[PDB]
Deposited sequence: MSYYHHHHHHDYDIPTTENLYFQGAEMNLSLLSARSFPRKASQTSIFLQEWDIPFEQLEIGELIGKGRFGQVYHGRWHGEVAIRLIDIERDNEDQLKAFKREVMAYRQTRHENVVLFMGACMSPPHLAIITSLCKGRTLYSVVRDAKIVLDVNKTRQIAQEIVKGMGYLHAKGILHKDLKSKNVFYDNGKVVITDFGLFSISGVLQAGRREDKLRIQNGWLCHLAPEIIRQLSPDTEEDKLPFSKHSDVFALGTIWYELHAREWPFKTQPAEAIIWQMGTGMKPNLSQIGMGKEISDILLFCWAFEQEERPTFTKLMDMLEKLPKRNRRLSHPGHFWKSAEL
């Protein structure tokens, strides 16, 4: 019914909580001291206690993870109604902030390398049997060539959808969802029961690949309802309007494939990215 912090392999003596790092839909993220650390405080309503113990096993699954491209899960303590997820602190800035910085060059070579790093980390998480379910630029950190993935698996326990008969969509969420998921969205759909898969994570990386070169999300102009219908019927943009070659556009065509089985695995995707000019 509870998880303690002495259960963890990281030797834990004291934990200092500092300033808030930023606003977020899921919990609060504070600075911490252990070395510096990142603390995410979550609250549980003391209901769906079977979904609660499933959260415990998903956390114990995080324990067996260690990879250079994956944020270091360091601990998690649970004293209901309060939960806390403690991960290593990422220096630098999020890929979302880097891609939207005019003072930073993103040539084709660096974008190929950044993509390959995310693929390596996502391949590790898939090999360990872990779905990210919320891969995006705000959950990737880049510090002068160091690329780390963040916030994998939180979406299952998240509750970011919570009006009457009206589902909340934030701007960048829809364009990362594969068509099989987009067709499922409903005003009373919940994150725990959405058909996520390894193919859906590959679709989300395809969105990041578009974002790396266009320096903006796809469907930037259009409202949410138009995005839902267009992505559901399988309409997708390309990168030729900015003058990108076929090699860089084939990446999208494979990752954004309408049928799940046509999307490559991350190992195959790593092969494809190695062969770019």
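- Within the chain's deposited sequence, the coordinate-free stretches run 1 to 43, 78, 207 to 209, 325 to 342 in sequence order.
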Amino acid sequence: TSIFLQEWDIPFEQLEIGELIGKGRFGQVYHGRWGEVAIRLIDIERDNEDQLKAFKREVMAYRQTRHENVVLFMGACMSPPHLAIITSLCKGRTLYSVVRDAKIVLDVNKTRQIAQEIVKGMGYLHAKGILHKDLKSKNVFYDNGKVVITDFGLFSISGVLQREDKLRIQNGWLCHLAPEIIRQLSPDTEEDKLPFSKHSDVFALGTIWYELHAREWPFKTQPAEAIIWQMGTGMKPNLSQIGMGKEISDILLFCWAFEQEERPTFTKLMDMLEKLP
From here on, numbers count along this sequence of modelled residues.
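- Modelled in this chain, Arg163 is nonetheless unresolved in at least one third of the other entries of the protein that span it on both sides.
- For the pair 42 to 50 and 25 to 33, the mean B factor over Cα atoms is greater in 42 to 50.
- As the entry records it, the average C-alpha temperature factor is higher for 53 to 61, out of 227 to 235 and 53 to 61.
- Comparing the C-alpha B-factors of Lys120, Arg183, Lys138, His82 in the entry, the top value falls on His82.
- Going by the entry's values, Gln162 shows the largest Cα B-factor out of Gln162, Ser200, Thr87, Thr94.
- Looking at the C-alpha B-factors along this chain, the one for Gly145 belongs to the highest third.
- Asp188: CA B factor in the highest third of modelled residues in this chain (values from the PDB entry).
- Sort the chain's modelled residues by C-alpha temperature factor and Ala127 lands in the middle third, per the entry.
- Sort the modelled residues of the chain by CA B factor and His213 lands in the middle third.
- When all modelled residues of the chain are sorted by CA temperature factor, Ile157 is found within the highest third.
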